[PDB]
Amino acid sequence: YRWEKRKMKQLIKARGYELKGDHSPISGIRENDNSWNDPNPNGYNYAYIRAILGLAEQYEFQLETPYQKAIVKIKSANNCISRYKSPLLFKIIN
RNA sequence: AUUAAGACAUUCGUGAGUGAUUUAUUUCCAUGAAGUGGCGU
């Protein structure tokens, strides 16, 4: 299981659209590795990892030129899960 | 010409007087104006 963000950024570069930044999207847990390229001959698992810690709808991706943006918008694909409050609670007492 | 004849059960007379469709009853019960951040390790 890997990122939905890296999931998203993979297809934007599948056509010519250069995103701002100097380092490729992260693979692997550790080390300073970079991979703007194929994962591996076998394949990779992509799931909406960030849904469980608070569902999000619209993702702005900063194109190289400020002039435009690129937007990814998320929907339940069957109109069931339109919400998820973050399953974490922050309590500040004294 | 005969125990006959004669005689409107009629006159007068308000179905009227008194009397609230009123009394009692919560438009109320349940319900988070809330959720999420995104972008260049």
# chains A, B, ... in the order shown; residues from 1 in each chain; ligands from 1
>>> interface_residues(of="chain A", to="chain B", cutoff="6 Å", atoms="only C-alpha atoms (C1' of nucleotides)", output="VMD selection string")
chain A and resid 20 to 21 55 to 56 59 to 62 85
>>> write_last_selection(atoms="N, CA and C atoms", output="PDB file, in the first residue's frame")
ATOM      1  N   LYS A  20       6.106  21.607  -9.989  1.00  0.00           N
ATOM      2  CA  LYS A  20       7.177  22.289  -9.282  1.00  0.00           C
ATOM      3  C   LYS A  20       7.768  21.376  -8.217  1.00  0.00           C
ATOM      4  N   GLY A  21       9.070  21.481  -8.031  1.00  0.00           N
ATOM      5  CA  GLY A  21       9.780  20.634  -7.093  1.00  0.00           C
ATOM      6  C   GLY A  21      11.039  20.082  -7.722  1.00  0.00           C
ATOM      7  N   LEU A  55     -11.250  12.379   5.639  1.00  0.00           N
ATOM      8  CA  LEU A  55     -11.521  12.351   4.209  1.00  0.00           C
ATOM      9  C   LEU A  55     -11.335  13.734   3.596  1.00  0.00           C
ATOM     10  N   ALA A  56     -10.721  13.770   2.417  1.00  0.00           N
ATOM     11  CA  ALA A  56     -10.506  15.002   1.677  1.00  0.00           C
ATOM     12  C   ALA A  56     -11.202  14.913   0.327  1.00  0.00           C
ATOM     13  N   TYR A  59      -7.707  18.174  -4.288  1.00  0.00           N
ATOM     14  CA  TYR A  59      -6.256  18.243  -4.157  1.00  0.00           C
ATOM     15  C   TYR A  59      -5.708  19.198  -5.207  1.00  0.00           C
ATOM     16  N   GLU A  60      -5.108  20.299  -4.761  1.00  0.00           N
ATOM     17  CA  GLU A  60      -4.402  21.212  -5.651  1.00  0.00           C
ATOM     18  C   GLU A  60      -2.990  20.689  -5.860  1.00  0.00           C
ATOM     19  N   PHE A  61      -2.560  20.631  -7.112  1.00  0.00           N
ATOM     20  CA  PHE A  61      -1.173  20.341  -7.432  1.00  0.00           C
ATOM     21  C   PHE A  61      -0.562  21.521  -8.176  1.00  0.00           C
ATOM     22  N   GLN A  62       0.548  22.018  -7.640  1.00  0.00           N
ATOM     23  CA  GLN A  62       1.170  23.252  -8.109  1.00  0.00           C
ATOM     24  C   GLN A  62       1.958  22.952  -9.378  1.00  0.00           C
ATOM     25  N   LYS A  85     -14.958  12.556   9.573  1.00  0.00           N
ATOM     26  CA  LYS A  85     -14.270  13.329  10.595  1.00  0.00           C
ATOM     27  C   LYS A  85     -13.006  12.594  11.020  1.00  0.00           C
TER      28      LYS A  85
END
>>> select_by_dssp(residues="region 31-73 of chain A", states="strand (DSSP E)", output="PyMOL selection string")
chain A and resi 58-61+70-73
>>> atom_distance(atom1="CA of residue 45 (chain A)", atom2="CA of residue 2 (chain A)")
6.2 Å
